[PDB]
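Protein chains in written order, with the deposited numbering: chain E, 1 to 29; chain F, 1 to 30; chain A, 1 to 30; chain B, 1 to 30; chain C, 1 to 29; chain D, 1 to 29. Positions of the beta carbon are idealized from the N, C-alpha and C atoms, including for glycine. Single-structure report; data block below.
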Amino acid sequence: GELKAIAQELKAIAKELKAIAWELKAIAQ
Amino acid sequence: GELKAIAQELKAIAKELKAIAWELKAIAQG
Amino acid sequence: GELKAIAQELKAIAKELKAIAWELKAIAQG
Amino acid sequence: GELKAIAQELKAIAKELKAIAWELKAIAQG
Amino acid sequence: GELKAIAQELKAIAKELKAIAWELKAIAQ
Amino acid sequence: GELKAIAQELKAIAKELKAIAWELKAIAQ
């Protein structure tokens with residue numbers, strides 16, 4: 001239901017932030 | 001319902017973070 | 001209600017991330 | 001109530017993202 | 001319980017965004 | 001249950017933002 005859907009969107013948000021962290025690491029080197 | 005509306009705004013947030021990741025990749029790769 | 005208030009703050013968060021994406025595009029040079 | 005507390009933290013998050021957008025605008029140079 | 005735990009993680013998120021704002025200000029010189 | 005799962009994803013989000021702050025600190029030095 002809707003609470004699982006919320007947890008799944010937060011998982012997608014964490015995944016995009018992981019990608020941002022990786023790109024910033026690239027910029028840092 | 002309001003819980004679906006919350007899930008939809010989180011989807012929009014994930015979409016903007018994807019765009020930010022792409023722009024950071026652009027900055028990283030000139 | 002409080003659930004609508006939560007959805008509205010998430011909308012404001014999505015709006016600020018959109019602005020950040022645009023500024024990063026500017027930094028990237030377009 | 002706990003739901004109001006959640007909305008208030010999301011408001012603080014939107015405020016920090018606004019500050020980040022402003023700093024990025026400074027870096028962008030407009 | 002779980003709703004207080006959610007508010008507390010959002011507080012930690014606001015704190016990390018404050019740190020990011022500070023680092024960006026440093027980069028901005 | 002689902003509310004704990006939401007708190008756990010927010011914890012993962014705070015962790016990724018901490019990593020982003022750390023990479024930006026690296027770039028700042």
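For the ligand GDP, I want to know if residue 15 (chain A) counts as a neighbour, meaning its beta carbon is within less than 7 Å of at least one of the ligand's heavy atoms. The model depicted lacks the ligand GDP and carries no ligand whatsoever.
Classify residue 8 (chain F) as helix, strand or coil using the three-state DSSP reduction. helix
Collapsed DSSP secondary structure at residue 29 (chain A) in the structure displayed: coil
According to the neighbour-count rule (16 or more other Cβ atoms, all chains shown, within 10 Å of its Cβ), is residue 2 (chain E) buried or exposed? exposed
If we cut at 8 Å on Cβ distances, does residue 28 (chain B) have a partner in chain C? no
Would you tell me roughly how many angstroms separate the C-alpha atoms of residue 6 (chain F) and residue 19 (chain F), rounded to the nearest one? 20 Å
Environment of residue 14 (chain E) [buried if 16+ CB atoms lie within 10 Å]: buried
Distance between residue 4 (chain B) and residue 8 (chain C) (C-alpha atoms, nearest Å): 13 Å
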